>>> print(open('data32.tsv').read())   # TSV, C-alpha atoms
chain	number	residue	atom	x	y	z
A	27	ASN	CA	77.65	65.09	86.98
A	28	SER	CA	80.71	64.66	89.18
A	29	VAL	CA	82.33	67.65	90.89
A	30	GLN	CA	85.03	67.59	88.21
A	31	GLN	CA	82.42	67.62	85.44
A	32	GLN	CA	80.62	70.53	87.10
A	33	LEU	CA	83.83	72.56	87.30
A	34	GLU	CA	84.67	71.84	83.66
A	35	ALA	CA	81.14	72.85	82.67
A	36	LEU	CA	81.42	76.06	84.69
A	37	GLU	CA	84.71	76.96	83.03
A	38	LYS	CA	83.45	76.17	79.53
A	39	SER	CA	80.70	78.78	79.84
A	40	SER	CA	82.83	81.29	81.79
A	41	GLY	CA	84.94	82.55	78.91
A	42	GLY	CA	88.05	82.20	81.03
A	43	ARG	CA	90.51	79.88	82.77
A	44	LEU	CA	89.45	78.52	86.16
A	45	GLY	CA	91.85	77.32	88.85
A	46	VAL	CA	90.53	75.59	91.97
A	47	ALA	CA	92.19	73.91	94.93
A	48	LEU	CA	90.21	72.76	97.94
A	49	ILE	CA	91.79	70.96	100.87
A	50	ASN	CA	89.45	69.13	103.25
A	51	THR	CA	91.44	69.11	106.50
A	52	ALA	CA	89.26	66.28	107.81
A	53	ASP	CA	91.29	63.75	105.80
A	54	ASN	CA	93.57	65.98	103.72
A	55	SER	CA	91.58	64.97	100.64
A	56	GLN	CA	91.57	67.47	97.78
A	57	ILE	CA	89.47	68.73	94.88
A	59	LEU	CA	91.71	70.10	92.13
A	60	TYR	CA	91.06	71.87	88.83
A	61	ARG	CA	94.07	73.30	86.96
A	62	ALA	CA	95.59	73.38	90.45
A	63	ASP	CA	99.15	73.20	89.10
A	64	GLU	CA	98.69	76.04	86.61
A	65	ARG	CA	100.06	79.51	87.35
A	66	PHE	CA	97.77	82.52	87.85
A	67	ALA	CA	98.61	86.13	88.70
A	68	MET	CA	97.90	86.45	92.44
A	69	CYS	CA	97.03	90.14	92.39
A	70	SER	CA	95.97	91.15	95.92
A	71	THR	CA	95.91	87.59	97.25
A	72	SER	CA	99.70	88.06	97.51
A	73	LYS	CA	99.05	90.48	100.36
A	74	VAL	CA	98.55	87.52	102.68
A	75	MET	CA	102.17	86.47	102.15
A	76	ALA	CA	103.53	89.97	102.84
A	77	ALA	CA	101.47	90.38	106.02
A	78	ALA	CA	102.47	86.90	107.19
A	79	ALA	CA	106.13	87.69	106.55
A	80	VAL	CA	105.86	90.63	108.94
A	81	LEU	CA	104.03	88.44	111.46
A	82	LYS	CA	106.91	85.95	111.28
A	83	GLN	CA	109.38	88.75	112.02
A	84	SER	CA	107.27	89.83	115.00
A	85	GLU	CA	107.84	86.43	116.61
A	86	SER	CA	111.39	87.56	117.42
A	87	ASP	CA	110.73	91.31	117.77
A	88	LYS	CA	108.10	92.15	120.40
A	89	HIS	CA	108.06	95.82	119.36
A	90	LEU	CA	107.57	95.28	115.62
A	91	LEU	CA	103.78	95.24	115.22
A	92	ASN	CA	103.39	98.54	117.05
A	93	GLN	CA	106.26	100.19	115.18
A	94	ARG	CA	105.22	103.52	113.66
A	95	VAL	CA	105.39	103.97	109.88
A	96	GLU	CA	105.09	107.44	108.37
A	97	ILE	CA	102.50	107.84	105.62
A	98	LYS	CA	103.31	110.52	103.05
A	99	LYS	CA	101.21	111.82	100.16
A	100	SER	CA	103.88	110.45	97.82
A	101	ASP	CA	103.26	106.95	99.21
A	102	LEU	CA	99.71	106.86	97.86
A	103	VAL	CA	99.17	104.78	94.74
A	104	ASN	CA	95.96	103.77	92.92
A	105	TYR	CA	93.80	102.39	95.76
A	106	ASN	CA	94.36	103.60	99.32
A	107	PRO	CA	91.05	103.53	101.26
A	108	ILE	CA	92.76	103.40	104.65
A	109	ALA	CA	96.21	104.89	104.02
A	110	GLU	CA	94.75	108.10	102.58
A	111	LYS	CA	93.10	108.74	105.96
A	112	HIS	CA	96.53	108.85	107.58
A	113	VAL	CA	98.64	111.06	105.31
A	114	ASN	CA	101.02	113.25	107.35
A	115	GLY	CA	100.48	110.84	110.23
A	116	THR	CA	101.61	107.31	111.04
A	117	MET	CA	100.24	103.77	110.94
A	118	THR	CA	101.73	100.85	112.85
A	119	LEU	CA	102.86	97.76	110.98
A	120	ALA	CA	99.89	95.91	112.49
A	121	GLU	CA	97.51	98.58	111.18
A	122	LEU	CA	99.13	98.31	107.75
A	123	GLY	CA	98.68	94.55	107.83
A	124	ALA	CA	95.02	95.04	108.73
A	125	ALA	CA	94.47	97.63	106.00
A	126	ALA	CA	96.19	95.51	103.37
A	127	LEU	CA	94.17	92.42	104.21
A	128	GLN	CA	90.77	93.76	105.20
A	129	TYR	CA	90.45	96.58	102.65
A	130	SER	CA	93.08	95.50	100.12
A	131	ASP	CA	94.84	98.84	100.55
A	132	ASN	CA	97.66	99.03	97.98
A	133	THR	CA	99.70	101.64	99.83
A	134	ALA	CA	99.59	99.40	102.90
A	135	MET	CA	100.98	96.53	100.82
A	136	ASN	CA	103.83	98.69	99.50
A	137	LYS	CA	104.68	99.75	103.04
A	138	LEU	CA	104.86	96.11	104.11
A	139	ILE	CA	107.04	95.21	101.12
A	140	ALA	CA	109.34	98.20	101.75
A	141	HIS	CA	109.71	97.24	105.41
A	142	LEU	CA	110.60	93.67	104.43
A	143	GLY	CA	113.20	94.87	101.96
A	144	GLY	CA	111.50	94.32	98.62
A	145	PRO	CA	109.38	91.77	96.70
A	146	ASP	CA	112.19	89.20	96.71
A	147	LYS	CA	112.07	89.16	100.52
A	148	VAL	CA	108.41	88.09	100.36
A	149	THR	CA	109.40	85.32	97.96
A	150	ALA	CA	112.12	84.21	100.39
A	151	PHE	CA	109.57	84.06	103.19
A	152	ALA	CA	107.26	81.92	101.06
A	153	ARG	CA	110.13	79.56	100.33
A	154	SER	CA	110.88	79.28	104.04
A	155	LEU	CA	107.33	77.94	104.42
A	156	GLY	CA	108.05	75.23	101.88
A	157	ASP	CA	106.23	77.05	99.09
A	158	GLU	CA	108.40	76.47	96.01
A	159	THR	CA	105.85	78.07	93.67
A	160	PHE	CA	105.00	81.54	94.96
A	161	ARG	CA	106.94	84.49	93.55
A	162	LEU	CA	106.51	88.22	94.15
A	163	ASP	CA	108.38	90.35	91.62
A	164	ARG	CA	106.77	93.77	91.72
A	165	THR	CA	105.07	96.26	94.03
A	166	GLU	CA	101.62	97.86	93.75
A	167	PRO	CA	100.09	98.55	91.36
A	168	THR	CA	102.14	96.87	88.63
A	169	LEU	CA	101.89	93.43	90.23
A	170	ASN	CA	98.31	93.38	88.87
A	171	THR	CA	99.05	93.38	85.12
A	172	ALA	CA	98.18	89.65	85.09
A	173	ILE	CA	99.42	89.18	81.54
A	174	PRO	CA	98.73	85.64	80.24
A	175	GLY	CA	101.90	83.56	80.40
A	176	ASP	CA	103.74	86.13	82.54
A	177	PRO	CA	105.41	84.31	85.48
A	178	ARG	CA	105.81	87.47	87.56
A	179	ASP	CA	103.74	87.68	90.74
A	180	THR	CA	102.15	84.26	90.26
A	181	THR	CA	101.54	80.96	92.02
A	182	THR	CA	99.31	77.91	91.55
A	183	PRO	CA	96.00	77.16	93.28
A	184	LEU	CA	97.43	74.11	95.05
A	185	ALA	CA	100.58	75.88	96.22
A	186	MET	CA	98.53	78.75	97.63
A	187	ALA	CA	95.98	76.42	99.24
A	188	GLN	CA	98.77	74.46	100.92
A	189	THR	CA	100.47	77.60	102.19
A	190	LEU	CA	97.22	79.24	103.31
A	191	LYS	CA	96.49	76.07	105.29
A	192	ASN	CA	99.94	76.13	106.88
A	193	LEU	CA	99.56	79.84	107.67
A	194	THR	CA	96.09	79.78	109.21
A	195	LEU	CA	95.74	76.27	110.63
A	196	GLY	CA	99.25	74.88	110.42
A	197	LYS	CA	102.92	75.04	111.20
A	198	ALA	CA	103.85	78.34	109.53
A	199	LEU	CA	103.35	80.83	112.38
A	200	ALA	CA	103.62	80.91	116.18
A	201	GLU	CA	100.20	80.75	117.85
A	202	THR	CA	99.65	84.44	118.59
A	203	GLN	CA	100.69	85.42	115.07
A	204	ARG	CA	98.57	82.66	113.50
A	205	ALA	CA	95.56	83.87	115.48
A	206	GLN	CA	96.21	87.43	114.32
A	207	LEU	CA	96.28	86.38	110.67
A	208	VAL	CA	93.03	84.46	111.14
A	209	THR	CA	91.41	87.47	112.83
A	210	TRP	CA	92.45	89.70	109.93
A	211	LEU	CA	91.14	87.26	107.31
A	212	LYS	CA	87.80	86.79	109.07
A	213	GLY	CA	87.34	90.55	109.19
A	214	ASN	CA	87.85	91.03	105.46
A	215	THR	CA	85.35	93.46	103.94
A	216	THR	CA	86.04	92.83	100.25
A	217	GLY	CA	84.84	89.26	99.70
A	218	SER	CA	81.06	89.28	99.98
A	219	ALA	CA	80.45	88.45	96.31
A	220	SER	CA	83.26	85.92	95.93
A	221	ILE	CA	83.74	82.59	97.76
A	222	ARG	CA	81.49	83.72	100.64
A	223	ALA	CA	78.53	84.08	98.25
A	224	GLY	CA	78.66	80.40	97.37
A	225	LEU	CA	78.55	79.16	100.96
A	226	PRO	CA	75.93	78.79	103.70
A	227	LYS	CA	75.48	82.26	105.21
A	228	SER	CA	76.26	81.13	108.76
A	229	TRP	CA	79.60	79.47	107.99
A	230	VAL	CA	82.52	81.41	109.44
A	231	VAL	CA	84.97	82.45	106.73
A	232	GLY	CA	88.30	84.24	106.46
A	233	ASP	CA	89.44	85.28	102.98
A	234	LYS	CA	91.57	87.55	100.84
A	235	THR	CA	90.35	88.59	97.40
A	236	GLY	CA	92.38	89.60	94.39
A	237	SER	CA	91.62	91.37	91.11
A	238	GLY	CA	93.64	92.70	88.20
A	240	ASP	CA	93.87	93.11	84.45
A	241	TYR	CA	92.66	90.40	82.06
A	242	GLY	CA	89.56	90.13	84.22
A	243	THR	CA	91.63	88.30	86.82
A	244	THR	CA	89.37	87.51	89.77
A	245	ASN	CA	90.74	85.62	92.78
A	246	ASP	CA	89.93	84.64	96.34
A	247	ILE	CA	91.64	82.42	98.88
A	248	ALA	CA	89.79	81.38	102.01
A	249	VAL	CA	89.66	79.28	105.13
A	250	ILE	CA	86.17	77.97	105.86
A	251	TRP	CA	84.83	76.75	109.21
A	252	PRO	CA	81.66	74.64	108.80
A	254	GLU	CA	79.39	74.29	111.86
A	255	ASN	CA	79.87	70.52	112.22
A	256	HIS	CA	82.96	69.74	110.13
A	257	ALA	CA	86.72	70.28	110.05
A	258	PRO	CA	87.93	73.40	108.16
A	259	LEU	CA	88.22	73.62	104.39
A	260	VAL	CA	90.90	75.68	102.65
A	261	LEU	CA	89.83	76.97	99.26
A	262	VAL	CA	91.61	78.82	96.47
A	263	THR	CA	89.62	79.98	93.45
A	264	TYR	CA	91.58	81.76	90.73
A	265	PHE	CA	90.13	82.96	87.43
A	266	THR	CA	91.56	84.88	84.48
A	267	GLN	CA	90.54	85.78	80.93
A	268	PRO	CA	92.11	86.25	77.46
A	269	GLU	CA	91.29	89.94	76.90
A	270	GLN	CA	93.07	92.69	78.84
A	271	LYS	CA	90.02	94.76	79.77
A	272	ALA	CA	87.67	91.89	80.59
A	273	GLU	CA	85.35	92.49	83.54
A	274	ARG	CA	86.05	90.66	86.80
A	275	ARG	CA	83.82	87.65	87.47
A	276	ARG	CA	83.37	87.19	91.20
A	277	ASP	CA	80.18	85.26	90.39
A	278	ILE	CA	82.34	82.48	88.91
A	279	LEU	CA	84.27	82.19	92.17
A	280	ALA	CA	81.02	81.96	94.13
A	281	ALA	CA	79.75	79.32	91.71
A	282	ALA	CA	82.97	77.31	92.04
A	283	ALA	CA	82.77	77.51	95.83
A	284	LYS	CA	79.20	76.20	95.82
A	285	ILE	CA	80.21	73.29	93.59
A	286	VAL	CA	83.18	72.08	95.66
A	287	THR	CA	81.62	72.58	99.10
A	288	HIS	CA	78.49	70.60	98.25
A	289	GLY	CA	77.92	67.94	100.89
A	290	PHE	CA	79.89	69.65	103.66
>>> encode(input="data32.tsv", output="structure tokens")
Amino acid sequence: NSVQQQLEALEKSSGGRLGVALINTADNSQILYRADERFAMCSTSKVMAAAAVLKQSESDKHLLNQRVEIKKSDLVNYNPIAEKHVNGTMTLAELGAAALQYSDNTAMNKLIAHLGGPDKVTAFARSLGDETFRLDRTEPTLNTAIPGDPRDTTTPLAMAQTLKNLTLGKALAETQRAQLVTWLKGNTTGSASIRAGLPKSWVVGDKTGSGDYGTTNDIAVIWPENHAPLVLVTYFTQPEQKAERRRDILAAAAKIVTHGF
């Protein structure tokens, strides 16, 4: 059973649509499965919003520490960090950290608002050469993940390419790139996803995503102990609106494509 056959087998039993894109930076070789198909990004889109602010900070040395007032009215459906700061302030850096490491939805909306709206995040993605990514809505509606809906979607390959450029490539200035990597490595929400399918000692940075239609996503940068980094995007979605998320499928896909490394 080839890697491709294993992925097809995994999808067949999953009850959903699997999208995988792995880039081996050792030789730029790739393992693709429905890598050109669109999937709702859900919270994985937070990486683009945080990175957009990091790009701005390259020309504004006071941006990351800029105060942002948190009001009760700002709270949406999931605000683990933001709710702790109502009536107070959070810096843009702290909002980036909350959005990425805890998937705080209020934090994401604050980043989008600062940038000027969802379309500004799309423009940033385009500036990075990503012609696929599109952010159309704010939290929490960007998570509807309706089959066939182009809003707030991208493809596994496009996201893998951009994540590579953002964390290991040409997208950000060094200090900003390092900050994004630090945030990703400190994520607290991905234990059961890609990380679960890899050797426990491998260093990993990732951003998970989840939404309606049992949409379960994760994008990660992986640092093996004796090999060049791997960039992996695992997207998964189902036909019924209230389907349960399946992080186990992402872990299984990760194990399949990282075999040998």
>>> residues_around(input="data32.tsv", residues="region 37-48 of chain A", least_positions_apart="3", cutoff="7 Å", atoms="all atoms listed in the file", output="VMD selection string")
chain A and resid 33 to 34 56 to 57 59 to 62 183 to 184 187 259 to 268
>>> residues_around(input="data32.tsv", residues="region 153-160 of chain A", least_positions_apart="2", cutoff="7 Å", atoms="all atoms listed in the file", output="JSON, numbers by chain")
{"A": [149, 150, 151, 162, 180, 181, 182, 185, 189, 198]}
>>> closest_residue(input="data32.tsv", among="A:90, A:73, A:176, A:83", to="residue 133 (chain A)", atoms="all atoms listed in the file")
A:73
>>> atom_distance(input="data32.tsv", atom1="CA of residue 36 (chain A)", atom2="CA of residue 169 (chain A)")
27.4 Å
>>> residues_around(input="data32.tsv", residues="region 245-255 of chain A", least_positions_apart="4", cutoff="9 Å", atoms="only C-alpha atoms", output="PyMOL selection string")
chain A and resi 67-71+183+186-187+190-191+194-195+208+211-212+217+220-222+226+228-238+259-266+275-276+279+290
>>> closest_residue(input="data32.tsv", among="A:196, A:82, A:224, A:120", to="residue 51 (chain A)", atoms="all atoms listed in the file")
A:196
>>> atom_distance(input="data32.tsv", atom1="CA of residue 138 (chain A)", atom2="CA of residue 100 (chain A)")
15.7 Å
>>> atom_distance(input="data32.tsv", atom1="CA of residue 104 (chain A)", atom2="CA of residue 168 (chain A)")
10.2 Å
>>> residues_near_point(input="data32.tsv", point="(95.7, 99.1, 104.4)", cutoff="10 Å", atoms="all atoms listed in the file", output="list in words")
residues 105, 106, 107, 108, 109, 110, 117, 119, 120, 121, 122, 123, 124, 125, 126, 127, 128, 129, 130, 131, 132, 133, 134, 135, 136, 137 and 138 of chain A
>>> closest_residue(input="data32.tsv", among="A:270, A:93, A:28, A:84", to="residue 201 (chain A)", atoms="all atoms listed in the file")
A:84
>>> build_atoms(input="data32.tsv", residues="region 263-276 of chain A", atoms="N, CA and C atoms", output="tab-separated table (two decimals), in the coordinates of the input")
chain	number	residue	atom	x	y	z
A	263	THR	N	90.32	79.90	94.72
A	263	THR	CA	89.62	79.98	93.45
A	263	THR	C	90.23	81.13	92.67
A	264	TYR	N	90.94	80.79	91.60
A	264	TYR	CA	91.58	81.76	90.73
A	264	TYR	C	90.88	81.73	89.38
A	265	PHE	N	90.79	82.88	88.72
A	265	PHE	CA	90.13	82.96	87.43
A	265	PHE	C	90.73	84.10	86.61
A	266	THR	N	91.00	83.84	85.34
A	266	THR	CA	91.56	84.88	84.48
A	266	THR	C	91.04	84.70	83.06
A	267	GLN	N	91.07	85.79	82.29
A	267	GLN	CA	90.54	85.78	80.93
A	267	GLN	C	91.54	86.21	79.85
A	268	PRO	N	91.23	85.91	78.58
A	268	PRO	CA	92.11	86.25	77.46
A	268	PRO	C	92.23	87.71	77.03
A	269	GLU	N	91.21	88.54	77.30
A	269	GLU	CA	91.29	89.94	76.90
A	269	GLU	C	91.66	90.85	78.07
A	270	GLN	N	92.57	91.79	77.81
A	270	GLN	CA	93.07	92.69	78.84
A	270	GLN	C	92.05	93.47	79.67
A	271	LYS	N	91.00	93.98	79.04
A	271	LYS	CA	90.02	94.76	79.77
A	271	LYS	C	88.72	94.02	80.09
A	272	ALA	N	88.83	92.71	80.26
A	272	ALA	CA	87.67	91.89	80.59
A	272	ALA	C	87.19	92.27	81.99
A	273	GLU	N	85.89	92.16	82.23
A	273	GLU	CA	85.35	92.49	83.54
A	273	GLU	C	85.70	91.37	84.52
A	274	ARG	N	85.78	91.69	85.80
A	274	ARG	CA	86.05	90.66	86.80
A	274	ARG	C	84.79	89.81	86.89
A	275	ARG	N	84.95	88.57	87.36
A	275	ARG	CA	83.82	87.65	87.47
A	275	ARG	C	83.77	86.97	88.83
A	276	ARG	N	83.44	87.74	89.86
A	276	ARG	CA	83.37	87.19	91.20
A	276	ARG	C	82.27	86.13	91.29
